[PDB]
Each structure stands twice: as structure tokens, then as C-alpha cells.
Amino acid sequence: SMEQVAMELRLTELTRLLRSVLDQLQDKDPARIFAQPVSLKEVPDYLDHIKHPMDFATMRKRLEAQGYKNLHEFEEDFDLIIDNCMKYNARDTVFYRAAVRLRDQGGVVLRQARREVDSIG
């Protein structure tokens, strides 16, 4: 149906915008601390601590399958990156501090993305 197509076009356009949002967020992580999943080889106990791991590569895989239906879903995954890190790592670590900076800086990007997703429908 033509209605199915138009919905598909909306999803595709959301996917384009989310990809630019994701690039912008990831530039706020120049050290690449959040680029890849936490390794179970190097933190074998990680899943005893963190129930829903997340990282930018896993987000990017989801995005390219057009797996985000709305900005809320995408923000949930970004928030897990930050929130997981701030629970697992202590305050006085390079990891925790990189999370705080990504959160603070990413908030600006997300503030306007919310306006763009509302605005362009």
C-alpha cells in the first residue's frame, strides 16, 4: 500500500537524522571509550554488574537495520552507555569522567535533535 510506503519513507528519514545525531555524539568521545562493547574476555564479571550493556557500535548496527522507531528509543540506548559506565566505574576514574563529559556535551545535541524530529515530523 501507499500508506506503508509513506511510513517507510518516515522511518528512513528518521534513520538519516539519527545517523547524523550518532556521529555528533560519538565525536564527544574522542578517546573512544564507548566505541565498542565491554569485552567479556577482559571484564569476565561484567554481566553480573550490568544487565543491559550498550556501546556506539551496537547502536550503529541497530540504526542501519532501521531499528529505531523514534528518538525516545535511540536516547534510551545512549543513556544506557552513560548510565552503565557511571555505575560500573568509580567517580575518580578516567571512564566515569568520560561518561560525565559525553552526557553534558551530548545533551546539547539531543536538545536540538528533539526539536528537529518534532519539527520535520
# chains A, B, ... in the order shown; residues from 1 in each chain; ligands from 1

$ residues_around --residues "stretch 62-72 of chain A" --least-positions-apart "3" --cutoff "7 Å" --atoms "only C-alpha atoms" --output "list in words"
residues 11, 15, 58, 59, 75 and 76 of chain A

$ residues_around --residues "residue A:117" --least-positions-apart "4" --cutoff "9 Å" --atoms "only C-alpha atoms" --output "ChimeraX atom specification"
/A:14,17,70-71,112-113,121

$ residues_around --residues "stretch 51-54 of chain A" --least-positions-apart "4" --cutoff "12 Å" --atoms "only C-alpha atoms" --output "number ranges by chain"
A: 33-40, 45-47, 58-62, 74-85, 87-88

$ closest_residue --among "A:22, A:31, A:86, A:5" --to "residue A:100" --atoms "only C-alpha atoms"
A:86

$ atom_distance --atom1 "atom CA of residue A:109" --atom2 "atom CA of residue A:96"
20.3 Å

$ closest_residue --among "A:118, A:8, A:42, A:29" --to "residue A:55" --atoms "only C-alpha atoms"
A:29

$ atom_distance --atom1 "atom CA of residue A:25" --atom2 "atom CA of residue A:107"
9.2 Å

$ residues_around --residues "residue A:106" --least-positions-apart "4" --cutoff "8 Å" --atoms "only C-alpha atoms" --output "MDAnalysis selection string"
chainID A and resid 25 28 102 110

$ write_last_selection --atoms "N, CA, C and O atoms" --output "mmCIF file, in the first residue's frame"
data_model
loop_
_atom_site.group_PDB
_atom_site.id
_atom_site.type_symbol
_atom_site.label_atom_id
_atom_site.label_comp_id
_atom_site.auth_asym_id
_atom_site.auth_seq_id
_atom_site.Cartn_x
_atom_site.Cartn_y
_atom_site.Cartn_z
ATOM 1 N N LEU A 25 27.397 12.604 18.480
ATOM 2 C CA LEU A 25 27.562 12.157 19.894
ATOM 3 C C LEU A 25 28.882 11.452 20.058
ATOM 4 O O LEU A 25 29.614 11.653 21.028
ATOM 5 N N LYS A 28 31.940 13.429 20.669
ATOM 6 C CA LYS A 28 32.133 13.843 22.019
ATOM 7 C C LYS A 28 32.877 12.811 22.869
ATOM 8 O O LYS A 28 32.972 12.988 24.109
ATOM 9 N N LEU A 102 30.534 13.191 28.079
ATOM 10 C CA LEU A 102 29.674 12.739 26.974
ATOM 11 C C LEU A 102 28.217 13.084 27.224
ATOM 12 O O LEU A 102 27.524 13.591 26.318
ATOM 13 N N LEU A 110 21.197 16.505 21.691
ATOM 14 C CA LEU A 110 19.880 15.865 21.847
ATOM 15 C C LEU A 110 18.722 16.872 22.024
ATOM 16 O O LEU A 110 17.580 16.612 21.608
#

$ atom_distance --atom1 "atom CA of residue A:56" --atom2 "atom CA of residue A:26"
7.3 Å

$ select_by_dssp --residues "chain A" --states "helix (DSSP H, G or I)" --output "tab-separated table (two decimals) with C-alpha atoms, in the first residue's frame"
chain	number	residue	atom	x	y	z
A	2	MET	CA	0.93	3.58	-0.45
A	3	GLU	CA	0.37	4.24	3.32
A	4	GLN	CA	3.02	1.50	4.10
A	5	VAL	CA	5.44	3.18	1.74
A	6	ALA	CA	4.94	6.64	3.30
A	7	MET	CA	5.61	5.17	6.79
A	8	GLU	CA	8.74	3.56	5.34
A	9	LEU	CA	9.87	6.90	3.98
A	10	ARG	CA	9.34	8.47	7.50
A	11	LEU	CA	11.45	5.66	9.07
A	12	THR	CA	14.19	6.21	6.51
A	13	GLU	CA	14.26	9.93	7.10
A	14	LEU	CA	14.39	9.34	10.91
A	15	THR	CA	17.24	6.91	10.30
A	16	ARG	CA	19.15	9.59	8.34
A	17	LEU	CA	18.75	12.17	11.12
A	18	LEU	CA	19.70	9.58	13.84
A	19	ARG	CA	22.85	8.71	11.95
A	20	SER	CA	23.97	12.35	11.98
A	21	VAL	CA	22.97	12.58	15.68
A	22	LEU	CA	25.06	9.44	16.37
A	23	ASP	CA	28.13	10.88	14.59
A	24	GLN	CA	27.85	14.05	16.57
A	25	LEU	CA	27.56	12.16	19.89
A	26	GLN	CA	30.42	9.93	19.10
A	46	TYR	CA	30.70	-7.54	33.58
A	47	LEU	CA	27.26	-9.08	33.16
A	48	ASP	CA	26.93	-9.76	36.92
A	49	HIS	CA	27.10	-5.92	37.21
A	56	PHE	CA	28.18	3.04	19.91
A	57	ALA	CA	28.88	0.09	17.57
A	58	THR	CA	25.85	-1.79	18.84
A	59	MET	CA	23.75	1.41	18.32
A	60	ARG	CA	25.13	1.79	14.82
A	61	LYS	CA	24.17	-1.85	13.93
A	62	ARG	CA	20.63	-1.20	15.14
A	63	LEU	CA	20.42	2.09	13.23
A	64	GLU	CA	21.42	0.52	9.92
A	71	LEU	CA	14.07	9.39	19.10
A	72	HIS	CA	13.00	8.08	22.52
A	73	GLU	CA	14.31	4.57	21.68
A	74	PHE	CA	17.64	5.97	20.50
A	75	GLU	CA	18.04	8.19	23.56
A	76	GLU	CA	17.34	5.19	25.83
A	77	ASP	CA	20.34	3.36	24.26
A	78	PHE	CA	22.56	6.48	24.56
A	79	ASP	CA	21.57	6.84	28.19
A	80	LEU	CA	22.49	3.16	28.89
A	81	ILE	CA	26.05	3.87	27.58
A	82	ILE	CA	26.42	6.67	30.15
A	83	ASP	CA	24.50	5.14	32.98
A	84	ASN	CA	26.22	1.72	32.79
A	85	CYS	CA	29.61	3.40	32.91
A	86	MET	CA	28.73	5.53	35.92
A	87	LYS	CA	27.60	2.51	37.87
A	88	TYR	CA	30.47	0.09	36.99
A	94	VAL	CA	39.02	8.21	33.53
A	95	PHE	CA	35.96	6.09	32.49
A	96	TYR	CA	33.44	7.77	34.76
A	97	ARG	CA	34.74	11.22	33.86
A	98	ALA	CA	34.50	10.46	30.13
A	99	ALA	CA	30.81	9.48	30.74
A	100	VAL	CA	30.08	12.77	32.51
A	101	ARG	CA	31.59	14.72	29.61
A	102	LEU	CA	29.67	12.74	26.97
A	103	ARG	CA	26.41	13.24	28.88
A	104	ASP	CA	26.94	17.00	29.28
A	105	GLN	CA	28.03	17.54	25.71
A	106	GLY	CA	25.52	15.12	24.22
A	107	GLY	CA	22.62	16.89	25.99
A	108	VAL	CA	23.10	19.93	23.69
A	109	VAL	CA	22.95	17.75	20.56
A	110	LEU	CA	19.88	15.86	21.85
A	111	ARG	CA	18.10	19.08	22.80
A	112	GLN	CA	18.03	20.24	19.17
A	113	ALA	CA	17.51	16.76	17.67
A	114	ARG	CA	14.25	16.60	19.72
A	115	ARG	CA	13.22	19.90	18.13
A	116	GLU	CA	14.21	18.60	14.60
A	117	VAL	CA	12.22	15.32	15.00
A	118	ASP	CA	9.10	17.21	16.23
A	119	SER	CA	9.64	19.91	13.57
